[PDB]
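Chemist: Dropping the structure in here first, questions after.
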Amino acid sequence: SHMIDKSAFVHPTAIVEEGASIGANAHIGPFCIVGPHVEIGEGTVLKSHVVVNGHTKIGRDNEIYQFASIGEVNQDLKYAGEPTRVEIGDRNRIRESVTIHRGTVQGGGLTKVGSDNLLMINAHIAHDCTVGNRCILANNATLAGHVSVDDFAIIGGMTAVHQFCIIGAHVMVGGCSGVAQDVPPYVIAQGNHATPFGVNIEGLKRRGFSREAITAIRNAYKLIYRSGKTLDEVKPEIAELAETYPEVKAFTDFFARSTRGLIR
Amino acid sequence: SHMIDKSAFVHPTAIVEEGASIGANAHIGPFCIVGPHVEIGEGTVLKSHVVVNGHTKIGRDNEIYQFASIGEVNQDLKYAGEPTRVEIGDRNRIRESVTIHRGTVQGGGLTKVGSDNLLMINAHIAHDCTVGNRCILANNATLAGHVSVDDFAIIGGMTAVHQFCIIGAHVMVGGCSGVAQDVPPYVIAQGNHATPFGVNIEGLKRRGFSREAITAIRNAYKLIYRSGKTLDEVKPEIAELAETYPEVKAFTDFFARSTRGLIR
Amino acid sequence: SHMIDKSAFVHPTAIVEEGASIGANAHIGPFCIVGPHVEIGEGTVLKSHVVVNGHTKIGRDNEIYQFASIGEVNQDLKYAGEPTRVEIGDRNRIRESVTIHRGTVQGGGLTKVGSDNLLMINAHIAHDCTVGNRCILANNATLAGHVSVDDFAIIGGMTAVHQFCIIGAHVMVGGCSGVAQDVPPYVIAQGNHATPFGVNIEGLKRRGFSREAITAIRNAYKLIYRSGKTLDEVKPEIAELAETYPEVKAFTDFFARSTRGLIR
Ligand SMILES: CNC(=O)CN(Cc1ccc(-n2cncn2)cc1)C(=O)CSc1ccccc1Cl
Ligand SMILES: CNC(=O)CN(Cc1ccc(-n2cncn2)cc1)C(=O)CSc1ccccc1Cl
Ligand SMILES: CNC(=O)CN(Cc1ccc(-n2cncn2)cc1)C(=O)CSc1ccccc1Cl
Ligand code: NA
Ligand code: NA
Ligand code: NA
């Protein structure tokens with residue numbers, strides 16, 4: 001803490017401010033700027049030309065590419081320099097020009113990214129976002145403020161997710177989409193505004209979901225989208241299904257967090 | 001002029017060419033490049049890794065973030081190094097990777113941005129554009145050449161405005177739009193190609209327009225879009241309305257500048 | 001080879017690794033990074049803040065702007081550091097934040113860009129892409145992996161081309177498009193997903209195609225899109241037409257490479 005490990009490498013052209021913590025076998029490349037409240041974990045690499053600032057904690061074995069901006073002042077017009085936070089986990093691939101901004105006081109104070117994510121060129125994570133584990137944001141994918149992207153979700157290229165929206169686990173959002181409402185777990189969404197196109201079967205298969213689990217999830221999707229019933233009508237029905245198929249509880253948990261209605 | 005104020009701060013790693021003017025309490029951060037024909041006003045901050053060049057005048061209390069390119073050679077295939085210009089006013093927040101390019105001789109020689117604007121990540125202002133005051137360009141918003149964005153207008157994320165188009169004052173263009181024709185003042189536009197969706201009532205309310213003014217503006221919108229008359233038929237009618245409600249004159253002034261027809 | 005020409009200029013702040021080849025009257029600007037397996041041809045300019053790495057060959061009289069990343073590790077999840085390649089030809093204008101990534105072993109090992117191209121701000125050329133000569137990628141235009149863009153083709157702003165797709169010569173793809181299938185030569189495409197809108201007549205006229213050639217190309221387009229016949233039905237017919245009008249052979253050559261079907 002507030003120490004640069006003797007096995008970390010800091011390029012002579014880099015500027016790491018006194019107070020920064022840099023772990024064993026980390027690598028700060030040329031022309032990087034690292035502020036005094038940053039913590040960079042073991043084995044993390046900033047290739048070159050990376051700016052990291054604010055109250056920002058980055059885990060182990062991350063790879064952050066040139067022209068990325070991590071921890072920076074957010075774009076919220078109300079933000080006025082309060083000491084809000086960014087947390088990033090482990091083994092993320094954070095590509096050229098990615099931006100990850102600090103929270104706002106009003107939004108909870110924290111922008112959080114988990115582990116094993118791929119954030120492709122110019123992906124944007126606004127203030128107060130929460131990204132889980134094993135997600136993909138393709139090139140130019142943009143999360144406006146207060147967005148949640150749950151585990152394994154893919155946000156396609158050139159896609160915007162509007163403020164406060166929740167993207168459930170194992171979702172796939174097609175490229176060139178505008179997501180203006182909440183996307184239930186396990187769903188394929190595409191378009192502007194994005195609408196649902198069935199369950200992400202190929203994803204669930206690849207990720208080892210059982211036959212029974214995928215059938216149950218398709219049954220939950222049909223309750224929401226095909227039954228023609230109200231969401232409040234089908235909530236008990238989905239809970240009843242989840243009593244046998246635990247993967248269906250993700251719908252229940254998602255309904256509790258959803259504030260924008262569902263894409264339809 | 002051609003002087004660096006004794007109260008300006010220039011990082012030792014920055015490269016400011018002889019001839020540049022830098023005002024009192026300006027701050028040029030690490031790895032910035034500032035060319036010889038640049039003028040930077042009092043209190044302006046280039047955070048780090050900013051390139052400013054060409055015949056470029058930047059006002060007071062701007063905040064320009066890393067990886068921005070301001071004044072650079074434009075993308076017009078006819079441009080051949082002529083000494084065209086950029087002018088930027090005061091109190092702008094110009095975020096990471098924004099690009100603002102110099103004019104072309106054929107297009108009038110000047111790209112101009114006013115004051116109190118927010119240009120979000122990777123917004124683009126092409127050659128010969130004119131942006132007013134208190135505008136917002138959201139992430140990846142792109143103005144192709146010779147575009148005007150009038151005061152208070154918001155261009156949503158991932159939106160392109162095609163060359164020569166005029167966006168009137170207090171417009172809101174939705175995210176993921178393609179604007180291929182002119183947008184009258186006070187209008188909501190969305191889609192690809194963008195089409196009108198009524199007056200920006202919430203914006204006008206927030207910005208202190210009177211009840212009478214907003215009703216008059218809605219009446220002007222109905223003349224254009226609902227009356228089913230020709231634009232040339234309803235111009236006198238809108239001028240007549242403006243004789244009582246001065247805010248309606250913005251329509252008249254806009255018609256005189258519009259060359260691409262109106263979105264419909 | 002492995003030599004810096006005595007007439008090349010390397011800024012003192014640049015970092016060019018031992019083994020890099022830099023030709024006569026090349027210019028490496030401030031804060032550039034050039035790796036040991038890079039070759040930069042005569043007269044090429046890296047303005048500032050450019051990263052060039054990997055097994056990468058860049059020709060003569062290129063202009064590469066700040067915050068570009070050329071030769072970098074690609075975004076393919078299977079790629080694991082294999083010594084794949086980028087080749088770039090001559091007289092390209094490669095604008096701010098452009099990304100051009102190295103190949104994958106599985107995709108053929110090479111990303112290739114020809115000559116006299118304009119790659120506008122934040123254009124992206126993924127692993128295993130092939131871009132010809134005199135192409136334009138407008139701002140934020142994105143080629144996903146294994147895409148071909150043939151000579152004179154224009155990819156509009158904010159447009160994504162999905163993996164493996166082929167864009168034929170003299171195509172124009174409109175801004176804000178998603179191209180999910182193959183685009184025949186000489187065709188205008190727009191939308192999400194992009195659909196065809198006739199032949200690019202204005203382009204062909206500007207580029208000196210004969211009257212007879214343009215009529216023949218329109219006749220080939222009608223066979224594909226208007227005749228209501230199968231593609232396999234009209235292939236002989238298009239070959240027969242090409243026996244008189246050589247420009248129609250581009251259709252034949254294109255059919256042989258197309259794997260995703262045609263946009264329709
Ligand atoms: C109809 N098909 C689509 O929409 C495909 N797709 C969604 C998508 C995206 C990525 C994945 N990955 C799976 N493993 C790793 N990545 C899967 C699905 C797009 O985003 C296309 S555009 C694009 C695509 C890639 C890069 C840049 C751009 Cl611009
Ligand atoms: C249907 N609603 C929309 O389209 C919302 N919107 C327009 C818009 C945009 C901004 C404002 N601001 C108002 N005060 C400050 N900013 C208002 C309306 C988008 O651009 C969404 S996408 C996006 C949004 C924000 C950042 C990045 C991205 Cl990508
Ligand atoms: C319906 N018309 C369109 O879609 C126009 N267009 C296609 C296009 C694009 C470029 C050319 N060039 C021809 N010589 C040089 N460039 C021609 C056609 C767009 O890409 C518009 S958006 C945009 C446009 C330009 C820059 C940034 C953005 Cl974002
Ligand atoms: Na809820
Ligand atoms: Na006019
Ligand atoms: Na084929």
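Chain labels A, B, ... are given in the sequence in which chains occur in the structure tokens; within each chain residues are numbered consecutively from 1, and ligands are likewise numbered from 1 in the order shown.
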Residues within 9 Å of residue 242 of chain C, please, as a JSON list (two decimals) with C-alpha atoms, in the first residue's frame. Count only C-alpha atoms; anything in the same chain fewer than 5 positions from it doesn't count.
Modeler:
[["chain", "number", "residue", "atom", "x", "y", "z"],
["C", 216, "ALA", "CA", -24.32, -3.90, -68.34],
["C", 237, "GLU", "CA", -26.50, -15.46, -67.32],
["C", 247, "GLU", "CA", -16.64, -5.20, -65.88],
["C", 248, "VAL", "CA", -19.44, -7.78, -65.22],
["C", 249, "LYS", "CA", -16.80, -10.47, -64.44],
["C", 250, "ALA", "CA", -16.36, -8.74, -61.05],
["C", 251, "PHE", "CA", -19.76, -10.35, -60.15],
["C", 252, "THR", "CA", -18.50, -13.83, -61.07]]
Chemist: All in-order C-alpha pairs, least squares, chain A moved onto chain B. Output the fitted coordinates as a short mmCIF file (atom, residue, chain, number, x, y, z; two decimals) with C-alpha atoms, in the first residue's frame, please.
Modeler:
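Below is the file result-v8.cif, written as the result:
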data_model
loop_
_atom_site.label_atom_id
_atom_site.label_comp_id
_atom_site.auth_asym_id
_atom_site.auth_seq_id
_atom_site.Cartn_x
_atom_site.Cartn_y
_atom_site.Cartn_z
CA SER A 1 0.40 37.04 -27.67
CA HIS A 2 3.09 34.65 -28.72
CA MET A 3 3.76 34.67 -24.93
CA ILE A 4 3.36 32.03 -22.19
CA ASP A 5 1.95 33.79 -19.12
CA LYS A 6 4.24 33.52 -16.07
CA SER A 7 1.26 32.03 -14.13
CA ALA A 8 0.54 29.30 -16.75
CA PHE A 9 1.88 25.83 -15.99
CA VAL A 10 3.52 23.83 -18.82
CA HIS A 11 4.52 20.30 -17.92
CA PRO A 12 8.20 19.56 -18.63
CA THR A 13 7.12 16.67 -20.98
CA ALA A 14 4.75 18.91 -22.98
CA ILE A 15 5.95 20.41 -26.25
CA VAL A 16 4.64 23.95 -26.82
CA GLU A 17 6.02 25.48 -29.98
CA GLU A 18 7.49 29.00 -30.00
CA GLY A 19 4.69 31.43 -31.06
CA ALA A 20 1.90 29.75 -29.03
CA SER A 21 -0.02 32.04 -26.64
CA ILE A 22 -0.99 30.60 -23.23
CA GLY A 23 -2.95 32.71 -20.79
CA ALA A 24 -2.87 33.21 -17.04
CA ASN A 25 -3.36 30.05 -14.91
CA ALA A 26 -3.74 27.79 -17.95
CA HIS A 27 -2.36 24.24 -17.46
CA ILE A 28 -0.72 22.20 -20.17
CA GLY A 29 -0.41 18.63 -18.89
CA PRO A 30 2.16 15.91 -19.66
CA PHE A 31 2.74 14.76 -23.25
CA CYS A 32 0.63 17.55 -24.76
CA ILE A 33 1.67 19.10 -28.09
CA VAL A 34 0.73 22.71 -28.77
CA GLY A 35 1.53 24.26 -32.13
CA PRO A 36 2.81 27.73 -32.93
CA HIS A 37 -0.50 29.28 -34.07
CA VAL A 38 -2.54 28.15 -31.06
CA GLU A 39 -3.97 30.58 -28.50
CA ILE A 40 -5.20 29.11 -25.16
CA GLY A 41 -7.11 31.38 -22.84
CA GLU A 42 -6.97 32.02 -19.13
CA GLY A 43 -7.66 29.01 -16.93
CA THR A 44 -7.87 26.45 -19.72
CA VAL A 45 -6.59 22.96 -18.87
CA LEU A 46 -5.23 20.30 -21.22
CA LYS A 47 -5.18 17.32 -18.91
CA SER A 48 -2.53 15.13 -20.68
CA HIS A 49 -1.84 13.60 -24.14
CA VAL A 50 -3.73 16.44 -25.96
CA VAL A 51 -2.73 17.57 -29.44
CA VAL A 52 -3.63 21.20 -30.35
CA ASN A 53 -2.44 22.59 -33.67
CA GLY A 54 -3.24 24.80 -36.65
CA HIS A 55 -4.62 28.32 -36.49
CA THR A 56 -6.65 27.64 -33.41
CA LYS A 57 -8.12 29.93 -30.72
CA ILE A 58 -9.41 28.41 -27.47
CA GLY A 59 -11.06 30.58 -24.83
CA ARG A 60 -11.16 30.57 -21.04
CA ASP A 61 -11.84 27.88 -18.45
CA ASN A 62 -12.08 25.01 -20.97
CA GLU A 63 -11.30 21.47 -19.82
CA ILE A 64 -9.84 19.33 -22.57
CA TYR A 65 -9.22 15.68 -21.76
CA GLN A 66 -6.61 13.16 -22.87
CA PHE A 67 -6.34 11.91 -26.44
CA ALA A 68 -8.36 14.86 -27.85
CA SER A 69 -7.18 16.36 -31.18
CA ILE A 70 -8.15 20.02 -31.62
CA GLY A 71 -7.36 22.12 -34.74
CA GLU A 72 -6.08 19.14 -36.70
CA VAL A 73 -6.11 18.76 -40.52
CA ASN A 74 -9.65 17.89 -41.60
CA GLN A 75 -10.73 14.72 -43.53
CA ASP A 76 -11.94 16.54 -46.63
CA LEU A 77 -10.32 14.96 -49.70
CA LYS A 78 -9.92 18.42 -51.36
CA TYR A 79 -8.03 20.01 -48.35
CA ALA A 80 -4.34 20.60 -49.11
CA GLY A 81 -2.82 22.36 -46.10
CA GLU A 82 -4.41 25.85 -46.46
CA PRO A 83 -4.29 27.98 -43.24
CA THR A 84 -7.90 27.58 -42.17
CA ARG A 85 -9.09 28.00 -38.59
CA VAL A 86 -10.75 26.66 -35.46
CA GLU A 87 -12.35 28.91 -32.83
CA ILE A 88 -13.51 27.46 -29.45
CA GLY A 89 -15.16 29.65 -26.77
CA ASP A 90 -15.28 29.36 -22.98
CA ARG A 91 -16.14 26.79 -20.27
CA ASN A 92 -16.40 23.80 -22.63
CA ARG A 93 -15.90 20.23 -21.38
CA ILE A 94 -14.19 18.47 -24.22
CA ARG A 95 -13.85 14.80 -23.27
CA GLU A 96 -11.41 11.99 -24.13
CA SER A 97 -10.72 11.40 -27.86
CA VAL A 98 -12.88 14.30 -29.06
CA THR A 99 -11.80 15.54 -32.53
CA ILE A 100 -12.35 19.08 -33.76
CA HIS A 101 -10.98 19.74 -37.24
CA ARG A 102 -10.02 22.94 -39.08
CA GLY A 103 -12.09 24.38 -41.93
CA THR A 104 -11.74 24.12 -45.66
CA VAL A 105 -11.29 27.11 -47.99
CA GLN A 106 -14.37 26.04 -50.04
CA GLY A 107 -16.49 25.72 -46.81
CA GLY A 108 -15.65 29.19 -45.38
CA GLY A 109 -12.32 28.59 -43.62
CA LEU A 110 -13.60 28.15 -40.01
CA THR A 111 -14.82 25.52 -37.62
CA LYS A 112 -16.42 27.24 -34.61
CA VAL A 113 -17.60 26.02 -31.24
CA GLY A 114 -19.18 28.37 -28.70
CA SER A 115 -19.31 28.21 -24.92
CA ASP A 116 -20.60 25.96 -22.10
CA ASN A 117 -20.80 22.93 -24.35
CA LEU A 118 -20.26 19.29 -23.38
CA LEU A 119 -18.60 17.18 -26.04
CA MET A 120 -18.59 13.59 -24.74
CA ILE A 121 -16.11 10.81 -25.54
CA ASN A 122 -15.14 10.53 -29.20
CA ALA A 123 -17.53 13.26 -30.41
CA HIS A 124 -16.44 14.59 -33.80
CA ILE A 125 -16.73 18.11 -35.21
CA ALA A 126 -15.70 18.07 -38.88
CA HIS A 127 -14.43 20.91 -41.02
CA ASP A 128 -16.67 24.00 -41.36
CA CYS A 129 -19.09 23.00 -38.56
CA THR A 130 -20.63 25.61 -36.28
CA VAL A 131 -21.69 24.57 -32.76
CA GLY A 132 -23.35 27.24 -30.53
CA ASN A 133 -23.60 27.47 -26.76
CA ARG A 134 -24.85 24.99 -24.11
CA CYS A 135 -25.01 22.07 -26.62
CA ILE A 136 -24.38 18.40 -25.75
CA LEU A 137 -22.80 15.90 -28.16
CA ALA A 138 -23.08 12.52 -26.50
CA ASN A 139 -20.51 9.70 -26.94
CA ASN A 140 -19.48 9.02 -30.57
CA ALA A 141 -21.80 11.76 -31.84
CA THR A 142 -20.44 12.77 -35.27
CA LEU A 143 -21.03 16.00 -37.23
CA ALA A 144 -19.93 15.52 -40.83
CA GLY A 145 -18.68 18.61 -42.66
CA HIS A 146 -20.46 21.99 -42.78
CA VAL A 147 -23.04 21.04 -40.05
CA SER A 148 -24.63 23.67 -37.75
CA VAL A 149 -25.75 22.71 -34.20
CA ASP A 150 -27.60 25.70 -32.67
CA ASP A 151 -27.79 26.65 -28.98
CA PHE A 152 -29.02 24.05 -26.38
CA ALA A 153 -29.31 21.25 -29.01
CA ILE A 154 -28.47 17.70 -27.87
CA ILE A 155 -27.08 15.16 -30.32
CA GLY A 156 -27.50 11.66 -28.85
CA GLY A 157 -25.00 8.89 -28.64
CA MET A 158 -23.81 7.03 -31.73
CA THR A 159 -25.66 9.63 -33.93
CA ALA A 160 -24.34 10.95 -37.29
CA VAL A 161 -25.40 14.28 -38.78
CA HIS A 162 -24.84 14.25 -42.55
CA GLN A 163 -22.98 17.03 -44.32
CA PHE A 164 -24.55 20.53 -44.61
CA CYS A 165 -27.41 19.72 -42.24
CA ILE A 166 -28.73 22.38 -39.78
CA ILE A 167 -29.90 21.34 -36.28
CA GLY A 168 -32.05 24.16 -34.77
CA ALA A 169 -31.90 25.47 -31.22
CA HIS A 170 -33.23 23.26 -28.37
CA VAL A 171 -33.44 20.16 -30.62
CA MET A 172 -33.01 16.70 -29.11
CA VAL A 173 -31.77 14.01 -31.42
CA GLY A 174 -32.15 10.49 -29.94
CA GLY A 175 -29.24 8.09 -29.67
CA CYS A 176 -28.42 5.79 -32.64
CA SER A 177 -29.79 8.22 -35.22
CA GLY A 178 -28.82 9.24 -38.76
CA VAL A 179 -29.80 12.82 -39.48
CA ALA A 180 -29.87 13.33 -43.28
CA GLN A 181 -31.98 16.55 -43.51
CA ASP A 182 -32.44 19.79 -41.49
CA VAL A 183 -34.07 19.69 -38.02
CA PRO A 184 -36.22 22.72 -37.13
CA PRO A 185 -35.69 24.41 -33.73
CA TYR A 186 -37.43 22.91 -30.70
CA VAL A 187 -37.99 19.48 -32.29
CA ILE A 188 -37.36 15.90 -31.06
CA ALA A 189 -35.86 13.70 -33.81
CA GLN A 190 -34.98 10.00 -33.74
CA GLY A 191 -34.23 7.12 -36.08
CA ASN A 192 -32.32 6.28 -39.25
CA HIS A 193 -33.05 8.37 -41.13
CA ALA A 194 -34.27 10.58 -38.32
CA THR A 195 -37.89 11.69 -38.36
CA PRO A 196 -39.61 14.28 -36.08
CA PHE A 197 -41.49 13.29 -32.88
CA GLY A 198 -43.08 16.56 -31.66
CA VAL A 199 -41.67 19.49 -29.76
CA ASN A 200 -38.98 19.12 -27.04
CA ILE A 201 -41.45 20.27 -24.35
CA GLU A 202 -39.47 18.99 -21.39
CA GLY A 203 -36.37 20.88 -22.58
CA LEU A 204 -38.26 24.10 -23.15
CA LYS A 205 -39.91 23.84 -19.72
CA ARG A 206 -36.57 23.23 -17.99
CA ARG A 207 -35.00 26.19 -19.81
CA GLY A 208 -37.71 28.72 -18.58
CA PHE A 209 -39.92 29.11 -21.73
CA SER A 210 -43.34 30.57 -20.91
CA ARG A 211 -46.53 28.59 -21.27
CA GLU A 212 -47.61 30.95 -24.12
CA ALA A 213 -44.25 30.43 -25.93
CA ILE A 214 -44.42 26.64 -25.71
CA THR A 215 -48.08 26.60 -26.96
CA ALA A 216 -47.05 28.91 -29.87
CA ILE A 217 -44.10 26.62 -30.72
CA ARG A 218 -46.38 23.54 -30.71
CA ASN A 219 -48.73 25.55 -33.03
CA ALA A 220 -45.77 26.29 -35.37
CA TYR A 221 -44.83 22.53 -35.34
CA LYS A 222 -48.41 21.58 -36.26
CA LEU A 223 -48.38 24.07 -39.15
CA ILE A 224 -45.19 22.37 -40.51
CA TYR A 225 -46.00 18.76 -39.83
CA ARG A 226 -49.76 18.26 -39.25
CA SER A 227 -51.49 20.90 -41.43
CA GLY A 228 -50.50 18.89 -44.56
CA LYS A 229 -49.69 22.18 -46.27
CA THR A 230 -46.44 22.90 -48.17
CA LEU A 231 -43.56 24.49 -46.28
CA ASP A 232 -43.86 27.51 -48.63
CA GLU A 233 -47.60 27.68 -47.81
CA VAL A 234 -47.00 27.77 -44.02
CA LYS A 235 -43.99 30.18 -43.91
CA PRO A 236 -46.25 33.32 -43.88
CA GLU A 237 -48.44 31.67 -41.26
CA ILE A 238 -45.45 31.00 -39.01
CA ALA A 239 -44.19 34.62 -39.56
CA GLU A 240 -47.69 35.91 -38.63
CA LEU A 241 -47.58 33.82 -35.39
CA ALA A 242 -44.10 35.15 -34.60
CA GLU A 243 -45.54 38.71 -34.65
CA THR A 244 -47.07 37.86 -31.23
CA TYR A 245 -44.73 35.08 -29.99
CA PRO A 246 -41.06 36.07 -30.60
CA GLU A 247 -39.73 32.54 -29.95
CA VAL A 248 -41.48 31.44 -33.22
CA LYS A 249 -39.10 33.66 -35.26
CA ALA A 250 -36.45 30.95 -34.71
CA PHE A 251 -38.45 28.91 -37.32
CA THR A 252 -38.25 31.75 -39.87
CA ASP A 253 -34.54 32.30 -39.28
CA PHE A 254 -34.01 28.55 -39.58
CA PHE A 255 -35.92 28.27 -42.91
CA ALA A 256 -33.56 30.88 -44.42
CA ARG A 257 -30.49 28.76 -43.57
CA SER A 258 -31.97 25.31 -44.37
CA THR A 259 -30.70 23.81 -47.73
CA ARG A 260 -31.46 20.05 -47.33
CA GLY A 261 -35.24 20.18 -46.71
CA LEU A 262 -36.77 19.26 -43.35
CA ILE A 263 -36.87 15.88 -41.67
CA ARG A 264 -40.40 14.47 -42.08
#
Chemist: Please identify the strand (DSSP E) residues within segment 2-200 of chain B (assignment by DSSP from backbone atoms) and present them as a PyMOL selection string.
Modeler: chain B and resi 9-10+15-16+21-22+27-28+33-34+38-40+45-46+51-52+55-58+63-64+69-72+85-88+93-94+99-101+110-113+118-119+124-125+130-131+136-137+142-143+148-149+154-155+160-161+166-167+172-173+178-179+187-191+194-199
Chemist: Save the residues we just selected, C-alpha atoms, as a short mmCIF file (atom, residue, chain, number, x, y, z; two decimals), in the first residue's frame?
Modeler:
data_model
loop_
_atom_site.label_atom_id
_atom_site.label_comp_id
_atom_site.auth_asym_id
_atom_site.auth_seq_id
_atom_site.Cartn_x
_atom_site.Cartn_y
_atom_site.Cartn_z
CA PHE B 9 1.88 25.83 -15.99
CA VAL B 10 3.52 23.83 -18.82
CA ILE B 15 5.95 20.41 -26.25
CA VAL B 16 4.64 23.95 -26.82
CA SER B 21 -0.02 32.04 -26.64
CA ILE B 22 -0.99 30.60 -23.23
CA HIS B 27 -2.36 24.24 -17.46
CA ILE B 28 -0.72 22.20 -20.17
CA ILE B 33 1.67 19.10 -28.09
CA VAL B 34 0.73 22.71 -28.77
CA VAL B 38 -2.54 28.15 -31.06
CA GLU B 39 -3.97 30.58 -28.50
CA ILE B 40 -5.20 29.11 -25.16
CA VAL B 45 -6.59 22.96 -18.87
CA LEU B 46 -5.23 20.30 -21.22
CA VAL B 51 -2.73 17.57 -29.44
CA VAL B 52 -3.63 21.20 -30.35
CA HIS B 55 -4.62 28.32 -36.49
CA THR B 56 -6.65 27.64 -33.41
CA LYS B 57 -8.12 29.93 -30.72
CA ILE B 58 -9.41 28.41 -27.47
CA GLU B 63 -11.30 21.47 -19.82
CA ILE B 64 -9.84 19.33 -22.57
CA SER B 69 -7.18 16.36 -31.18
CA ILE B 70 -8.15 20.02 -31.62
CA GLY B 71 -7.36 22.12 -34.74
CA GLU B 72 -6.08 19.14 -36.70
CA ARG B 85 -9.09 28.00 -38.59
CA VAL B 86 -10.75 26.66 -35.46
CA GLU B 87 -12.35 28.91 -32.83
CA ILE B 88 -13.51 27.46 -29.45
CA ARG B 93 -15.90 20.23 -21.38
CA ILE B 94 -14.19 18.47 -24.22
CA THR B 99 -11.80 15.54 -32.53
CA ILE B 100 -12.35 19.08 -33.76
CA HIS B 101 -10.98 19.74 -37.24
CA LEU B 110 -13.60 28.15 -40.01
CA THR B 111 -14.82 25.52 -37.62
CA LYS B 112 -16.42 27.24 -34.61
CA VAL B 113 -17.60 26.02 -31.24
CA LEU B 118 -20.26 19.29 -23.38
CA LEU B 119 -18.60 17.18 -26.04
CA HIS B 124 -16.44 14.59 -33.80
CA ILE B 125 -16.73 18.11 -35.21
CA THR B 130 -20.63 25.61 -36.28
CA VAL B 131 -21.69 24.57 -32.76
CA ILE B 136 -24.38 18.40 -25.75
CA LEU B 137 -22.80 15.90 -28.16
CA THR B 142 -20.44 12.77 -35.27
CA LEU B 143 -21.03 16.00 -37.23
CA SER B 148 -24.63 23.67 -37.75
CA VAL B 149 -25.75 22.71 -34.20
CA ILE B 154 -28.47 17.70 -27.87
CA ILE B 155 -27.08 15.16 -30.32
CA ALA B 160 -24.34 10.95 -37.29
CA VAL B 161 -25.40 14.28 -38.78
CA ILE B 166 -28.73 22.38 -39.78
CA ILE B 167 -29.90 21.34 -36.28
CA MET B 172 -33.01 16.70 -29.11
CA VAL B 173 -31.77 14.01 -31.42
CA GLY B 178 -28.82 9.24 -38.76
CA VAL B 179 -29.80 12.82 -39.48
CA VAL B 187 -37.99 19.48 -32.29
CA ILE B 188 -37.36 15.90 -31.06
CA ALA B 189 -35.86 13.70 -33.81
CA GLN B 190 -34.98 10.00 -33.74
CA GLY B 191 -34.23 7.12 -36.08
CA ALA B 194 -34.27 10.58 -38.32
CA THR B 195 -37.89 11.69 -38.36
CA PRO B 196 -39.61 14.28 -36.08
CA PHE B 197 -41.49 13.29 -32.88
CA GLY B 198 -43.08 16.56 -31.66
CA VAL B 199 -41.67 19.49 -29.76
#
